[PDB]
Amino acid sequence: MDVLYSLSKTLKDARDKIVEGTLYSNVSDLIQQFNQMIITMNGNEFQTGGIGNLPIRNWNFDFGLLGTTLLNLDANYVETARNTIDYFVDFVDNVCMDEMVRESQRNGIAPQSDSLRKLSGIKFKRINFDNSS
Amino acid sequence: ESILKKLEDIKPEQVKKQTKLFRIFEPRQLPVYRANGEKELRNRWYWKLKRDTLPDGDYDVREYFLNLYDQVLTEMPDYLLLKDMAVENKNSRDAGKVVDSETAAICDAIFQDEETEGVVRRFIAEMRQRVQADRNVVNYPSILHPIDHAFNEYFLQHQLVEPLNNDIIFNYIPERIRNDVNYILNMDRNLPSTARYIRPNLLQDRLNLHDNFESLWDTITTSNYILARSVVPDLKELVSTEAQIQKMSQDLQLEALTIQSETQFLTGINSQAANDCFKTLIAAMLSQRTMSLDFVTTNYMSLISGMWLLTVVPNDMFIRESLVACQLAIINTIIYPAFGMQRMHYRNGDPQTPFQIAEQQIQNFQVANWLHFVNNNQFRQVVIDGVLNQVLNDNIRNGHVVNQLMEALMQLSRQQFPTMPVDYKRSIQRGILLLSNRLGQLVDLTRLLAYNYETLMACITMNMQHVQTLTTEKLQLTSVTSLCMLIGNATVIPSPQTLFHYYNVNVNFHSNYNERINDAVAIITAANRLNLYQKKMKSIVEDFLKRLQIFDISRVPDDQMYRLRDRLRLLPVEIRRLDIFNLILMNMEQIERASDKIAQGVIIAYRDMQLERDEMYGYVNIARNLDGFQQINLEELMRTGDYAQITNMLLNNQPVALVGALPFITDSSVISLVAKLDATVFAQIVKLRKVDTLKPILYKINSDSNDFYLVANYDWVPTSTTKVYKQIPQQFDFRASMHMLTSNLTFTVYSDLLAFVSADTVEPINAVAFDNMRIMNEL
Amino acid sequence: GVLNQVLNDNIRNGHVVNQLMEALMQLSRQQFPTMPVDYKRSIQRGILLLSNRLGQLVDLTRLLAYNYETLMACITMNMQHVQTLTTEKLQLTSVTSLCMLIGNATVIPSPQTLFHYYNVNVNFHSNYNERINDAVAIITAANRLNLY
Amino acid sequence: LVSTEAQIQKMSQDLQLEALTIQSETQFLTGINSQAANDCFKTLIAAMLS
């Protein structure tokens with residue numbers, strides 16, 4: 001949950017902050033968090049399940065890091081970031097839907113979807129950051 | 001240079017060939033005796049140790065088997081062709097062959113022996129080789145002891161040669177060289193189906209010497225730097241130094257009567273410095289050796305060239321103090337005075353570099369943007385073809401960063417320098433003009449550096465590790481200025497032969513490193529598994545480092561060697577070595593029990609026990625096992641020196657078994673047995689509290705004994721109160737010892753694959769970079 | 001019946017050196033925020049010079065403690081701890097020599113050395129007691145004989 | 001004991017004292033030898049004993 005929340009929070013920060021013309025210092029820490037998320041997710045295969053009518057979806061992460069070279073973000077930078085963010089938002093939304101439609105009588109607080117169970121592994125703890133909601 | 005001689009003298013790996021079957025046992029004739037101890041007319045063949053040289057003491061026996069493991073690893077071949085070992089069997093019906101000549105000698109001795117049964121002679125007469133020429137296979141008869149057969153069968157079934165063809169030779173070239181359109185490769189031989197080669201072991205560093213072994217890593221990076229220097233191509237058709245100095249003097253308007261900063265701009269401009277800078281940069285990035293910046297702050301040309309250098313080379317390649325000094329000089333001599341900013345008061349030890357502070361403080365967009373690029377220009381770590389590499393930014397590789405630097409420089413030239421005398425602005429403008437008169441050459445030079453770097457990087461086999469090294473390679477900024485002022489339009493790329501040489505040296509070093517690691521790991525693991533607790537392993541690591549050939553072990557402390565030992569001890573053993581050691585572990589008890597020099601122990605009972613009957617001894621006071629007796633371990637007794645228990649047991653005549661590798665006396669005297677001399681040899685243990693002098697009596701009573709009539713004339717079965725814990729030899733069964741050894745009939749092994757490849761370059765004027773454009777483009 | 005000054009068991013088995021190692025490994029990873037970087041590198045590399053001798057330092061601590069305990073077994077007078085007027089001056093460079101140069105060759109007191117040390121301690125203790133008794137006897141005799 | 005030459009060179013290479021600006025470059029590694037190590041061992045054990 002904390003990892004899934006951190007992924008969504010990073011994506012929301014990227015959507016709100018990676019905008020044309022913005023100082024790189026406005027986004028430096030966000031870029032580092034985002035690149036850490038990319039590093040952690042790269043090479044991991046996920047499946048969001050087929051319960052009910054939710055389509056079975058497969059997710060592969062082989063993304064390059066976001067650049068650090070611009071003093072102000074230009075349109076090319078925003079477009080590359082937008083592409084990566086769009087894939088990640090699709091993944092997070094699908095994981096959230098796959099978790100919401102499942103329930104358990106024995107341990108209903110624990111993750112039920114397979115992807116959220118995988119994201120509970122220690123390797124993904126690096127993604128975890130500000131939990132302010 | 002002696003370092004280059006050491007690194008380029010390393011040979012790939014000495015190929016071991018087997019010339020004879022490995023043998024621990026041989027057949028041997030022995031007299032046999034009837035159940036009553038009378039000698040039979042017929043003899044019997046028994047397996048014996050070929051070299052019965054086992055020591056006294058269990059610890060020394062385990063040491064002996066570590067030495068045997070080393071011997072077997074020495075004798076284990078890379079490949080084997082049995083026809084080289086094949087010799088005539090003179091009694092073969094078909095006049096066929098056997099392996100090895102030792103087998104032939106055994107067969108001859110058995111066949112000629114009058115006591116040999118005719119069935120054995122028939123069997124010898126049937127021993128011959130079979131050739132399957134279609135499959136390139138041959139089978140030979142051999143006579144081997146089962147343990148010998150296991151060792152030789154393992155050698156035959158685990159050879160290191162693989163089929164070799166033209167496709168394999170071509171694929172041995174790194175993929176990036178083959179994918180380059182600047183190189184054309186050719187062959188003139190069709191290698192046959194019988195061609196073989198041995199793959200180098202290019203595993204990536206399992207010791208992680210780049211982590212926490214800083215002296216050793218400094219040595220490795222120094223050797224790599226020297227080799228990279230040797231393979232970096234020399235610059236051709238540099239601008240004439242005299243002509244360029246004349247042109248620069250005209251641009252600078254040097255005045256005889258005035259002391260001018262611009263004069264120092266000419267300092268240290270010559271082709272030697274330019275070539276040295278080129279080599280230093282490429283070699284330092286190839287070896288990931290930290291560079292240090294040497295410059296005079298009064299040379300503003302040095303600072304402008306330093307701006308170019310920090311644009312193109314990622315700044316982590318520089319030691320922090322020198323980078324900070326260069327950046328601070330650039331800020332306080334060029335940038336801040338240009339914009340009228342107060343001189344940067346920079347603190348030594350600041351978390352930020354001067355360029356980072358200036359980027360936060362500079363309101364001009366082009367200058368601030370170039371500063372930000374420098375502040376964030378880094379190597380990209382990428383695994384390519386299984387090798388970790390440090391890749392440059394694409395805008396460095398196409399030379400586009402030079403344009404950003406030139407934009408910032410043009411912005412600086414346009415500034416007013418409000419708080420400066422006008423001649424100061426004139427000096428800065430003159431230095432910038434010297435650099436900007438060669439913008440096309442600078443783009444070409446950046447592209448050439450990047451291309452040579454990545455082409456030579458394709459030849460690197462070990463992971464490129466980015467860690468600041470203990471010592472640096474000094475780079476003079478005047479040399480950077482020479483390279484910027486003198487580089488022409490002549491494109492120089494590594495020769496294909498140079499690339500192959502560099503790649504082969506890297507492969508030789510990598511393979512040697514892996515093979516020495518495997519040897520050290522096998523020895524360390526075997527020594528632990530043999531419980532050699534008194535063995536200090538420093539010698540093993542010292543041998544390992546010596547065989548790596550690049551370190552001076554006299555400079556390596558014992559603590560570092562033992563840290564290396566700890567890291568090696570965690571690695572798994574290579575499969576062939578592990579299987580050989582498993583075979584030795586499986587069979588060492590049997591090999592030790594075959595020795596005629598030692599017994600496995602002695603049972604002191606205090607009751608009459610009949611001597612056992614065994615054809616090769618007659619009557620013998622041997623124990624096949626220690627069942628029904630308390631065991632005192634002699635090795636523990638010798639280690640602790642505490643003799644209370646053994647002294648009490650001996651003084652009280654308490655039956656016991658003293659267990660451990662012991663030498664024994666052989667006594668064939670019936671009178672000596674009747675005198676009960678075997679019971680007299682233990683009192684010295686109590687007298688002196690030593691057991692390394694213990695030597696039990698092994699009675700051998702038979703018709704060769706002088707007083708054997710007593711056995712014969714009294715229906716008396718000899719009895720003793722002591723027994724030797726010992727095994728009897730196994731009979732040599734000729735038919736059961738025959739094995740068909742199979743191998744390839746014939747093949748040829750090849751060492752240097754790239755010798756079959758002839759490679760040339762396209763015309764350098766038409767050599768292209770990764771972006772398909774010519775590397776250099778100036779008229 | 002003899003008071004003894006004994007060590008924490010973590011010193012005797014040398015386990016606490018690991019903790020020291022841990023601490024100084026942390027110190028080798030620290031930023032040293034305002035420190036000039038060459039000096040920081042030198043400090044961290046010296047820290048690691050001591051750090052990378054963890055096995056030798058554990059062995060040295062165990063050897064020191066074992067030698068201390070074996071020799072302390074031979075002491076017969078109470079080991080009273082007092083801050084003395086004068087001290088033995090110990091150079092930290094000698095500590096550096098011991099820490100950087102100790103190998104893995106165990107050295108323990110010889111049995112004859114232990115017997116000699118114990119015999120000298122016993123002789124000193126016995127002589128001390130006998131001279132106390134002689135002095136007390138003479139003083140009490142002089143007083144009881146009224147030798148004012 | 002570890003060879004004084006080897007350990008001294010190791011310490012000098014790691015410490016890079018020459019490259020520093022320490023007013024006492026020579027004094028840094030003085031007093032590092034087998035005699036000092038043995039004296040330290042004796043001093044520590046004997047001081048605790050007494």
# chains A, B, ... in the order shown; residues from 1 in each chain; ligands from 1
call {"tool": "closest_atom_pairs", "arguments": {"of": "chain B", "to": "chain C", "cutoff": "10 Å", "atoms": "only C-alpha atoms", "output": "CSV"}}
result
residue,atom,partner,partner_atom,distance
B:212,CA,C:52,CA,8.5
B:213,CA,C:52,CA,9.4
B:214,CA,C:45,CA,9.3
B:319,CA,C:38,CA,9.1
B:320,CA,C:37,CA,7.1
B:321,CA,C:37,CA,6.9
B:347,CA,C:34,CA,8.4
B:348,CA,C:36,CA,5.3
B:349,CA,C:36,CA,3.7
B:350,CA,C:34,CA,5.8
B:351,CA,C:33,CA,6.7
B:470,CA,C:41,CA,9.6
B:536,CA,C:104,CA,8.8
B:557,CA,C:101,CA,9.0
B:558,CA,C:103,CA,7.4
B:559,CA,C:53,CA,5.9
B:560,CA,C:52,CA,7.6
B:562,CA,C:55,CA,8.6
B:563,CA,C:52,CA,7.7
call {"tool": "interface_residues", "arguments": {"of": "chain B", "to": "chain A", "cutoff": "7 Å", "atoms": "only C-alpha atoms", "output": "ChimeraX atom specification"}}
result
/B:369,372-373,376
call {"tool": "atom_distance", "arguments": {"atom1": "CA of residue 17 in chain B", "atom2": "CA of residue 524 in chain B"}}
result
25.5 Å
call {"tool": "atom_distance", "arguments": {"atom1": "CA of residue 494 in chain B", "atom2": "CA of residue 200 in chain B"}}
result
24.1 Å
call {"tool": "interface_residues", "arguments": {"of": "chain D", "to": "chain C", "cutoff": "6 Å", "atoms": "only C-alpha atoms", "output": "ChimeraX atom specification"}}
result
/D:1-2,14-15,31-33,36-37,40,45
call {"tool": "decode", "arguments": {"residues": "range 39-105 of chain A", "atoms": "C-alpha atoms", "output": "PDB file, in the first residue's frame"}}
result
ATOM      1  CA  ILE A  39      15.226   1.902 -11.536  1.00  0.00           C
ATOM      2  CA  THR A  40      13.210  -0.120  -9.025  1.00  0.00           C
ATOM      3  CA  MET A  41      10.446  -1.056 -11.479  1.00  0.00           C
ATOM      4  CA  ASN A  42      12.732  -1.853 -14.434  1.00  0.00           C
ATOM      5  CA  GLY A  43      12.886  -5.559 -15.237  1.00  0.00           C
ATOM      6  CA  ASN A  44       9.793  -6.489 -13.198  1.00  0.00           C
ATOM      7  CA  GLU A  45       6.802  -8.193 -14.826  1.00  0.00           C
ATOM      8  CA  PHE A  46       3.332  -7.554 -13.423  1.00  0.00           C
ATOM      9  CA  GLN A  47      -0.080  -9.009 -14.192  1.00  0.00           C
ATOM     10  CA  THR A  48      -3.291  -7.231 -13.250  1.00  0.00           C
ATOM     11  CA  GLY A  49      -5.895  -9.914 -12.980  1.00  0.00           C
ATOM     12  CA  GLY A  50      -8.998 -11.034 -14.785  1.00  0.00           C
ATOM     13  CA  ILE A  51     -11.530 -11.152 -11.963  1.00  0.00           C
ATOM     14  CA  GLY A  52     -14.990 -10.345 -13.285  1.00  0.00           C
ATOM     15  CA  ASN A  53     -14.747  -8.344 -16.502  1.00  0.00           C
ATOM     16  CA  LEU A  54     -11.469  -6.581 -15.685  1.00  0.00           C
ATOM     17  CA  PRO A  55      -9.147  -7.463 -18.594  1.00  0.00           C
ATOM     18  CA  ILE A  56      -5.992  -9.395 -17.817  1.00  0.00           C
ATOM     19  CA  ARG A  57      -3.167  -6.937 -18.420  1.00  0.00           C
ATOM     20  CA  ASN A  58       0.584  -7.515 -18.512  1.00  0.00           C
ATOM     21  CA  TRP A  59       3.082  -4.820 -17.550  1.00  0.00           C
ATOM     22  CA  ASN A  60       6.766  -4.649 -18.480  1.00  0.00           C
ATOM     23  CA  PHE A  61       9.068  -1.847 -17.343  1.00  0.00           C
ATOM     24  CA  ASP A  62      12.109  -1.067 -19.519  1.00  0.00           C
ATOM     25  CA  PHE A  63      12.172   2.724 -19.295  1.00  0.00           C
ATOM     26  CA  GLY A  64      15.100   5.079 -19.503  1.00  0.00           C
ATOM     27  CA  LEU A  65      15.754   7.586 -16.769  1.00  0.00           C
ATOM     28  CA  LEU A  66      14.540  11.155 -16.987  1.00  0.00           C
ATOM     29  CA  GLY A  67      17.211  13.622 -17.996  1.00  0.00           C
ATOM     30  CA  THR A  68      19.026  16.025 -15.709  1.00  0.00           C
ATOM     31  CA  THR A  69      20.675  18.195 -18.374  1.00  0.00           C
ATOM     32  CA  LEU A  70      18.249  21.095 -18.885  1.00  0.00           C
ATOM     33  CA  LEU A  71      18.286  24.282 -16.836  1.00  0.00           C
ATOM     34  CA  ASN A  72      14.631  24.826 -17.771  1.00  0.00           C
ATOM     35  CA  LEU A  73      12.402  22.004 -18.934  1.00  0.00           C
ATOM     36  CA  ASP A  74      11.506  22.269 -22.611  1.00  0.00           C
ATOM     37  CA  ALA A  75       8.693  20.657 -24.603  1.00  0.00           C
ATOM     38  CA  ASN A  76      10.744  17.617 -25.654  1.00  0.00           C
ATOM     39  CA  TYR A  77      11.502  16.838 -22.022  1.00  0.00           C
ATOM     40  CA  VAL A  78       7.840  17.162 -21.078  1.00  0.00           C
ATOM     41  CA  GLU A  79       6.795  14.849 -23.910  1.00  0.00           C
ATOM     42  CA  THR A  80       9.265  12.103 -22.964  1.00  0.00           C
ATOM     43  CA  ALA A  81       8.238  12.375 -19.321  1.00  0.00           C
ATOM     44  CA  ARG A  82       4.574  12.345 -20.372  1.00  0.00           C
ATOM     45  CA  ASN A  83       5.004   9.073 -22.257  1.00  0.00           C
ATOM     46  CA  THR A  84       6.675   7.342 -19.306  1.00  0.00           C
ATOM     47  CA  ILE A  85       4.179   8.824 -16.838  1.00  0.00           C
ATOM     48  CA  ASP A  86       1.235   7.701 -18.959  1.00  0.00           C
ATOM     49  CA  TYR A  87       2.404   4.104 -18.908  1.00  0.00           C
ATOM     50  CA  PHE A  88       3.008   4.255 -15.153  1.00  0.00           C
ATOM     51  CA  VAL A  89      -0.376   5.853 -14.457  1.00  0.00           C
ATOM     52  CA  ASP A  90      -2.062   3.144 -16.521  1.00  0.00           C
ATOM     53  CA  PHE A  91      -0.244   0.527 -14.442  1.00  0.00           C
ATOM     54  CA  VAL A  92      -1.055   2.119 -11.080  1.00  0.00           C
ATOM     55  CA  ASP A  93      -4.724   2.605 -11.987  1.00  0.00           C
ATOM     56  CA  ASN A  94      -4.980  -1.020 -13.111  1.00  0.00           C
ATOM     57  CA  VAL A  95      -3.318  -2.229  -9.900  1.00  0.00           C
ATOM     58  CA  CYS A  96      -5.695  -0.123  -7.816  1.00  0.00           C
ATOM     59  CA  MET A  97      -8.711  -1.487  -9.688  1.00  0.00           C
ATOM     60  CA  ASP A  98      -7.434  -5.054  -9.302  1.00  0.00           C
ATOM     61  CA  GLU A  99      -7.050  -4.501  -5.560  1.00  0.00           C
ATOM     62  CA  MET A 100     -10.436  -2.806  -5.090  1.00  0.00           C
ATOM     63  CA  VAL A 101     -12.474  -5.659  -6.597  1.00  0.00           C
ATOM     64  CA  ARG A 102     -10.984  -8.311  -4.302  1.00  0.00           C
ATOM     65  CA  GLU A 103     -11.781  -9.186  -0.702  1.00  0.00           C
ATOM     66  CA  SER A 104     -10.746 -11.688   1.944  1.00  0.00           C
ATOM     67  CA  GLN A 105     -12.346 -12.988   5.120  1.00  0.00           C
TER      68      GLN A 105
END
